[PDB]
Enquirer: 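Quick one: structure below, then a few questions.
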Amino acid sequence: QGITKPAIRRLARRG
Amino acid sequence: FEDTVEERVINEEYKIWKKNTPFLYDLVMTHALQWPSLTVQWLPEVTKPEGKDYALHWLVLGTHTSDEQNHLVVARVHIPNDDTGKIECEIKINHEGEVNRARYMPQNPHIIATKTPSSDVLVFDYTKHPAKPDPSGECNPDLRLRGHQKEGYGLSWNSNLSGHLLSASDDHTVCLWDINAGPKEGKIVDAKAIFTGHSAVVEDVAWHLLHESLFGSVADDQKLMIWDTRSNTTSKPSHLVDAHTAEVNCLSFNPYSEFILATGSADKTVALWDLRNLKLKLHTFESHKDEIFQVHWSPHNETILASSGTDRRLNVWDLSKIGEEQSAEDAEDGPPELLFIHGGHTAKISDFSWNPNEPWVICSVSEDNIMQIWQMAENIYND
Ligand SMILES: [As]
């Protein structure tokens with residue numbers, strides 16, 4: 001799901 | 001003091017953070033202390049013990065109790081190798097009142113200065129105190145530094161001039177001590193200089209990391225001041241900067257660039273500054289939802305900055321991404337230089353510290369007794 005790097009990077013910015 | 005409504009919101013957001021941690025962190029260790037610490041700083045020492053699967057690191061912590069006996073604490077921690085964790089008390093020393101802030105001397109790491117609810121700033125040499133503190137609780141500092149009328153938080157040792165210490169106070173002043181001077185016996189030393197440039201509570205103070213005479217101060221008068229200890233004036237700084245539109249709470253010099261400085265404010269922004277021309281604010285970092293109280297540059301990456309405060313968040317910034325174009329979707333989360341938001345705390349973050357020996361490792365402490373040792377996933381910064 002949110003396993004791709006761009007998605008993880010986006011999770012990081014959302015906290 | 002608790003908001004039962006806000007508490008439900010915080011707890012549910014935490015549960016979500018917790019299950020997301022394998023995505024976001026290479027390491028997450030959380031420890032509840034009996035008392036909250038208002039202060040953290042990693043000691044410079046590290047060792048990898050023979051036949052062990054962990055590295056030994058050390059933290060300078062404090063205690064915050066209004067009722068009971070306070071302590072200055074050095075904690076020993078296990079940091080697991082990349083092939084959970086443990087915290088023990090290396091030493092515990094009786095301390096009068098809460099420890100507002102505690103800082104080790106760069107030249108001699110076993111010398112630690114502390115700020116107290118009172119006006120005296122204390123100095124401890126932990127090699128000169130019992131391995132276990134006397135339950136009677138009598139506080140016996142090696143040095144008491146006189147000069148202030150009120151308490152404060154700001155503390156800074158000169159890393160180029162051994163024994164020279166700066167302190168910031170609610171009394172509007174910055175005090176300067178040289179702890180190698182004084183009399184034979186010997187416990188009390190008076191302020192060598194007292195700087196009165198500010199017209200309000202001075203929140204933080206910091207020596208330049210390369211020039212032994214330069215330091216910066218930051219106050220509720222919304223000003224950043226740059227001082228020179230050579231000059232025969234203590235009432236007027238070398239530079240007076242209108243840094244923010246609200247109280248300035250913190251400042252931090254870049255350890256790789258002798259010219260650049262960061263500043264954190266109650267106006268919810270971090271400001272970048274260049275010492276060669278202070279008329280021009282280099283940059284403004286926006287994203288924090290409340291007062292910023294602490295800012296620290298990464299000791300391993302020159303473009304990496306971290307900030308924290310009242311919004312229970314710790315933000316990591318990457319300067320190398322400023323001005324970089326984002327999609328409209330990514331712009332909603334914040335500016336391109338926002339690398340990482342740490343949502344592991346459930347109350348205000350009082351202080352944090354970058355691990356000087358393990359890149360990307362941070363220790364942050366909150367007002368609800370939690371200390372977290374964490375390192376964000378390599379996938380996030382390895383681009
Ligand atoms: As301990």
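No hydrogens, no waters, no symmetry mates; every other heavy atom, side chains included, goes into these values. Residue numbers start from 1 in every chain, and the chains themselves are labelled A, B, ... in the order their sequence lines are given, proteins ahead of strands.
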Enquirer: What part of B:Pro335 gets closer than 4.5 Å to chain A, counting heavy atoms only: side chain, backbone, both or neither?
Expert: backbone
Enquirer: Counting heavy-atom pairs under 4.5 Å to chain A, which of B:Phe340, B:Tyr381, B:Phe23 comes out on top?
Expert: B:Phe23
Enquirer: With a 3.5 Å distance limit and no angle check, can you tell me whether B:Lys281 reaches the backbone of B:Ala243 through a side-chain donor-acceptor pair?
Expert: yes
Enquirer: By a 4.5 Å heavy-atom criterion (distance strictly below it), what part of B:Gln326 contacts chain A: side chain, backbone, both, or neither?
Expert: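 Side chain only.
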Enquirer: Taking side chain as everything from C-beta outward and backbone as N, CA, C, O, which of these in B:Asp383 sits under 4.5 Å from a heavy atom of chain A? Side chain, backbone, both or neither.
Expert: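 Answer is both: backbone and side chain atoms of B:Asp383 are under 4.5 Å from chain A.
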Enquirer: Output yes when B:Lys15 and B:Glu12 qualify as a salt bridge under the 4.0 Å nitrogen-oxygen rule, no when they do not.
Expert: yes
Enquirer: Could B:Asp3 and B:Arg8 be called an ion pair, given the rule that one side-chain N must be under 4.0 Å from one carboxylate O?
Expert: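 Answer for the salt bridge query: no.
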Enquirer: Look at B:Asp330 together with A:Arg10 and state whether they make a salt bridge at an N to O cut-off of under 4.0 Å.
Expert: yes
Enquirer: Of the backbone (N, CA, C, O) and the side chain (C-beta and beyond), which part of B:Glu13 lies under 4.5 Å from a heavy atom of chain A, both, or neither?
Expert: neither
Enquirer: The test is side-chain contact (heavy atoms from CB on, under 4.5 Å); show your working for B:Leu24 and B:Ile380 and say whether it passes.
Expert: CA-CA 8 Å; B:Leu24 300 180; B:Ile380 296 161; 4.1 Å; yes
